[PDB]
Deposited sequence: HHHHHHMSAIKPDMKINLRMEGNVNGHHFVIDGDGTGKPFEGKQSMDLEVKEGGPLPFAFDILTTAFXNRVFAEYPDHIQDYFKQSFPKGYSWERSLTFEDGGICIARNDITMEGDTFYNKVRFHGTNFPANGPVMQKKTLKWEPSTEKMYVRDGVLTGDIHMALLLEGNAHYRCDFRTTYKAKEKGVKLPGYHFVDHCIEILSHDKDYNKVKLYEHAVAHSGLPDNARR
C-alpha cells in the first residue's frame, strides 16, 4: 500500500526569482525515509552566481524524509504512491518575503520534485542580499490541522556573521494527492538542515537534512 523503500533517489528541479533575479537549480540526491535523513547535490543551471544568500532556498530542496514513530500518523508516507504538494510562506523579520511550492511524485525508487520559489522586498543591505548568512539553526515544526488541511508552523532563524540571528516564520500547508488520506493529530517535527560543502560562489552545494517526529512533552 505504500511502496516507499528504505533507500530512495531524489530528483528535483527548482525555477524561481528573488528580488528580480531569475534562476534555475537542479538536484540529484538520496535519502532514508524511515531514519528521516536525506542528502542532495545541488547545481545552478541559470542565474548563477546567485546575488543572494543560498540559505533562503535550502528548505525548498519532503517531510516523507522524517522519522515518524508508531503512535503518530505519518501523512507523508501515507500519501504515496500518488504523492503530495506543499506550499510555504517564509516571512522574514526585516520585510523579506518568499513563497514556495513543491509538487512531489514517485516513479519506482525516485521521488520527483517540481519546485517554485519567489522572493521580494529583501533589503539591499540586509544579510540575504549581502550574503551574510551562516546556516539555519535546527528547528521544531508544529503540525496541526486547520480546516481539513495539515499545516506546519516554524519559528526559523538564520545564524549570521557574529552569532546574530535573522528571524523567519514558516507556515506550510501539506496536501495529499489522493482524497481522504487520514489527517494526523497535533504533533512536532524537529529538523536540522546543513550545507555540508559548497563551492565558492555556491553554484555547487551539498545539502543534508535530518528530521524526527514526536508528540512533545511528556512523551518525547
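Gaps between the deposited sequence and the modelled coordinates occur at 1 to 6, 68, 228 to 230, listed in sequence order.
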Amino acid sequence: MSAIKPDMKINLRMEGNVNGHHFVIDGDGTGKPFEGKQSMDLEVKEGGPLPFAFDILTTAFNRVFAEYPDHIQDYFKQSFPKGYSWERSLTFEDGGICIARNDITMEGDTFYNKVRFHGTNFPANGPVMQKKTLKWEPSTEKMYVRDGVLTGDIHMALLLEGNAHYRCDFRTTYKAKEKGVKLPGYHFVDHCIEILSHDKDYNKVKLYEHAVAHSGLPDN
From here on, numbers count along this sequence of modelled residues.
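Taking the mean C-alpha B-factor of each stretch as recorded, 130 to 138 and 104 to 112 are not equal, and the higher mean is that of 104 to 112. When the C-alpha B-factors of 156 to 164 and 178 to 186 are averaged, 178 to 186 comes out higher. Per the PDB record, 43 has a higher Cα B-factor than any other of 43, 169, 194, 55. Sort the chain's modelled residues by C-alpha temperature factor and residue 206 lands in the middle third, per the entry.
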